[PDB]
Each structure stands twice: as structure tokens, then as C-alpha cells.
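Let's start with one chain on its own, the form deposited in one PDB entry, as C-alpha cells.
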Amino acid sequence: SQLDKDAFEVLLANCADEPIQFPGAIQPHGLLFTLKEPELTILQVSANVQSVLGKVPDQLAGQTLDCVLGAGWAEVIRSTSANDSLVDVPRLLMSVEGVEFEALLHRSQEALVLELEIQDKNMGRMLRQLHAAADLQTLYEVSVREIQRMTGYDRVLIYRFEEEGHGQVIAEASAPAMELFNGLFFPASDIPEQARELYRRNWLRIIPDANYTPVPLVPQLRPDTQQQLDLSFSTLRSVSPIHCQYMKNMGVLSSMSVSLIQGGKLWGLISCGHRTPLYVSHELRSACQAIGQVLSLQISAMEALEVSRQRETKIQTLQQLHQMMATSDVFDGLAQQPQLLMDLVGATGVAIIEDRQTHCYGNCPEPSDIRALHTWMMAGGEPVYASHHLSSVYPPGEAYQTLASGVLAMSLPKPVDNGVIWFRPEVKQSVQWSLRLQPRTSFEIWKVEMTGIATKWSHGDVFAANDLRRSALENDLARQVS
């Protein structure tokens, strides 16, 4: 299939900005209808419907639901929709030719979009177990454990989305015969922003098969709209061939994703993976969604504990810090307890510039390196830095990324010989793991993507730094007087 292969290549030419909200195709495990709500007249119908219902989608276009779905059920659908907002609709189940379809209704472009998903013919204790978790890591462990336990899926993962966008596999429950994924990082380019919008606006994305031929959805433009059909809010969609082949080369044939949402933001993704195709029942579909609606609230509540404790120990930090500031230069005294400065931000590497021998601690490059690094701090004038990239401001400084890649540095406003640099290395060294569209390849792409880019600094973490400079800006006048 040479003619198919090169035609697939042109798809890979552009993927960051590709129309995926309006593919014009749906997965073959259901039916799709686009109607005018008051009369329930068909505007769009997929080509899958030929294999289950009347002849051709074009003839059904422009007609009423009373023909395709028969009588009685049409009036039932009209009664259920009525004038309701279509929020928290009860469970519906239809049977047009002995096949049971779950009917999910929503409204797009003032049109009734109805998805007939084909369906083939404990919880409190687990919530208590989630509540019993004392830290975030144990929470992740128990959540993935029970999800893999009851979902029945061979592989269950969870990614957390950093502010930079490169997802991190923070936990897993992999069964034997799949590779481990703890600490794996994949670039944000692996998920287009349109797919991110689709994930955030929904709560559950299911792809039961990654080896399928998308079915046409004709007419591609609505007769009364002359524009593409919004399929964002439909479970029955078309999977892009690029991520389809990604799944094929990832070993995953059936996948799920529970979009963990915190305050309108996509905190992460409870993902799955299964070589044998599996069709998920709605009862378990809601339970997994109920996990995300609870766990994301539980996670945000638990980091709300963590962000309080970390901020709390930051508050105490300057309390014991300032006692040694008052004991005896101001930036000279902080070097006698280097581990106390580490916990203020989580630097994993610190150094204090003083006189000539810049007394570094933890891990740190040679003095010939840090000396030619802090010069790009005080010329700008900013007392603090949020430097994921080491060499964004200092181009030829790529020789420090072995140890020094994230520079949130402070100093006294003294123009000469001051500073206490908190080096966070590249995330590449922190996590050790292990053709085209491979998890191995995206790891390699991430290595170039992460090259020189370090771990993100929290706003409070920079604030907690600013207090240390402010605390050092308190007793200096007392030090000057004394």
C-alpha cells in the first residue's frame, strides 16, 4: 500500500493545528444523528447507519426521525428532550432492530445531536480507601490499583500535565508483558490543543479500537448551516490516524481517558491500555467518571493540604533562618545550614556566592560555571527568576545542564558579589527510563524538548524566595547599624 503510506505522511505534515473537532467521521460502535429539535428532522446522518438501518444517508437527510427510528420512540425522545436543558438526563435505551443503543443527547448550533452508542448484550469502600490516603503518592497508588482492579484493563496509567504541557506518567498498575512507564515524559506536541479542549470540555474519552476504518458522515456540511458539524461533545468520534498509529506502536488497542479537571483546568489524565478490544458498559463508564469527579476534587483537596503544609513550613523556614541571620555577613550565615535553604523551594542544589570561593552545596557545577551564570540576573534587575530554560538569556551556556539547568536566584541589591542560586537540574536526569510514533521516540523527542528546560517553579515557591530576600532585607540595616 505505497499510495496509502505517502497519503498518510501528508497528514503528519501538520498536526499542531489540524481540524479534529469536525472530522466528518465517527467510530463504528454506534450511530450519530443531527436534527432540528422542534420537529426532529434529520440534518446529518452517518454512513454507518447503512449497515444497521436504511439505504443511504443522503435520502434520510431532510426527513424526520419518525421514519429512521420508527414511531413511539420518536415521541419518547421528544418528551425526554422537551424544553429541558439536557443536563443530567436520565438513562435511555432504544432498540430499532433488536440492537440496544444508549441514547445521549446534546445541542450544537441550535441542533439536536443524538449519539446512539452500540451496547453489546464496593464503591463506598474504595472511596473510603481513597480518603484514607495520607499523601499524594499513596493516593495515586491506591487510585490506579483499584481502577486496574475493577476496570479489568490490562494496563492503567495516570499522567499529570505540567504547566509546560509535557505529561508525566506519575503512577501505573501495569500487568505483566507490558513495559514499565514510571517517570516517562512525553512532549505536549503529543496532544494537540484541540484534543486538550475536547478532553477538558468532557469527562471521559473512550477509544475501544485503534485499528478501524472511520465511517463517512455525509452531508459533511449541514444544509441549513453550510458548515462543519461540531462533534466536540460526542463520545462517538473519529480518532486521528496519527495517534491511532501511535497506539498501534504503543501496544495499546483499546484506550480510556478520564479527564481530571481542577477549576476548569486539565490537571491530568487517568489513561488505560488493552491489547484485546473491550466495550465498556455504561455502569462502569459512570463509575470511572465518578472517580475523576471525586479524585480530582480529592486530589485538589489533598494538594490544598500539601500547598498549606509546604507554605506552612516555608513560613517556619524564615523563623529558624532568621535566628541564624541574627546570630552573625547576612548571606554568609546562610551557608552554615545548607539543607535548610534546600527545603525552602525544593532546589535539589544550592550555592552561595561570597568573595571568591563561591561556597556551593549539594550538586553544583564548577566555580568557572556558576560565575558565568548569575551575570544574567542583575543586568535585567529582577530580584527573582522563573528559569525553566537555563540558556534562554545566556545563549552559549549549555555546559551546565548536567547539573545546573533551573536558576531561580536571588541577591542583595548590592551590585558587587552577591547571590544565592538554587539550581534545579533538567528533569531529564531526574527520571530514568528504559522508528515513528513510539513511546520510546517521544521520549527521545522529549529529550531534545527538555534539553535545557528544568522543573517548573510554583508562584508561592518564588514568593517564598522573595520573603528570604525580604528577610535578608530586614536585618541588613540592623547589621549595618551594628
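Throughout, we count residues from 1 along the sequence that is shown. So that the term is clear: the rigid core is the largest set of C-alpha atoms that superpose within 1.5 Å between two forms.
The same protein has a further form, the form deposited in another entry, not shown here; the description that follows concerns it.
Residue shifts between this form and the one not shown, rigid core superposed: of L231, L217, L295, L390, the only C-alpha displaced by 2 Å or more belongs to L390.
If you fit the rigid core between this form and the one not shown, you'll see the Cα of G406 move by 2 angstroms or more. Positional change of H29 between this form and the one not shown stays under 2 Å at the C-alpha, relative to the superposed core.
The Cα shift for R356 between this form and the one not shown, taken after rigid core superposition, is 2 angstroms or larger.
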